[PDB]
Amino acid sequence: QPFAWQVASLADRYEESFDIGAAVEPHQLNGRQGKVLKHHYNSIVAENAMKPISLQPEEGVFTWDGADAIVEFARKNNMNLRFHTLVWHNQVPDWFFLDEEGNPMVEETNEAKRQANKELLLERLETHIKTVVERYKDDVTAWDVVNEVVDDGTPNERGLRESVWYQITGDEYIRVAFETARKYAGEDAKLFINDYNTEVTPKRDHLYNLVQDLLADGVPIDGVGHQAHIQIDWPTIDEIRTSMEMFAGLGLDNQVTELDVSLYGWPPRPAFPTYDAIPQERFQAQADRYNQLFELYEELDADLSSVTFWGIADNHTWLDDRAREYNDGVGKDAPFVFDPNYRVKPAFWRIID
């Protein structure tokens, strides 16, 4: 199979439908990775460099190096940039949720004091968002304002994930994150609520009702980010379609934000020990899946503005961690259309045609 830079550009192929993006790390902006990026994509997102704890690890202490390098890459290569992410319950500094006495706010029992912690947390969120937006508003083309605020089950009637943000502020942190993002980014900035398993119920319906409710109260939400951490047979093409159509019906835009097609089910066990151990049947099944997937994206391209892969080539993917985690430290997945050596896979040909 030829190298990725010897085949037709994915970005050019879908230029009339949607952007083609990739999650990157500061150290993958040169060499073959950089070459592949410039050749196939017209959009990028920080895999980790822009999460909360990565920008303000200590209150008032901002670390912009990683993010600036990614932003600089985007500028020089004229690529769009998704910002991931302003709010999340993971990879977020503990100081956010500590009261003025240094005790975790979730422990406070005085109603009035809890009310005071809510306002303090929100003020801190406002400051984080404002600081970040002011620095990157001219480079960001899409913001993952909040990330995974919806639960996979139904712990509460609204299906909201009961993270530390919810425990301390209910749904206000979501309202504030969006309202603040709009304030400092401008009316033209596209604000998204990102999440995984947006194709399955009840989660899909919980997210749906959430955006409706918020939109009714004037909260500025422009689109839904579909992480799309999917499998070869799940979710079904129809589940994907139905979900995107529902949000499109509300006037919201859609974006596939962290796409990877695992060769395994869940959990990813048993997984193949190495890449060479993977039989061709697997790559062919993945190929048929990618074809169906991108035909769908194309069909719905009026309500889909961007499709980002959570990685570039099979040599670097968080799916390998999940694989090792469930196969006693050994396991290899292969979610992309480019292999560990940056050579095209059967899936590439099925989505370039």
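Numbering starts at 1 and follows the sequence shown. Under this definition, the rigid core comprises the largest set of C-alpha atoms superposing within 1.5 Å between the forms.
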| property | result |
| --- | --- |
| Higher-deviation segment by CA RMS in 4 other deposited structures of this protein, core fitted, 235-243 or 110-118 | 110-118 |
| 198-206 against 101-109 - segment lying farther from this form in 4 other deposited structures of this protein (CA RMS, rigid core fit) | 101-109 |
| Stretch with the greater mean C-alpha B-factor as recorded in the entry, comparing 229-237 against 263-271 | 263-271 |
| Mean C-alpha temperature factor, higher of 111-119 and 87-95 | 111-119 |
| Candidate residues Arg175, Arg82, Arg282, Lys190, the one whose C-alpha B factor the record puts highest | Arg282 |
| Member of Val150, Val145, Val224, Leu125 with the greatest C-alpha B factor (per the PDB record) | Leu125 |
| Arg32 CA temperature factor, ranked by third within the chain | lowest |
| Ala216 - which third its CA temperature factor falls in, relative to the rest of the chain | middle |
| Among modelled residues of the same chain, the CA temperature factor third for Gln286 | middle |
| Chain third (lowest, middle, highest) by recorded CA B-factor, residue given as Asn254 | lowest |
| Third of chain Cα B-factors occupied by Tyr196 | lowest |
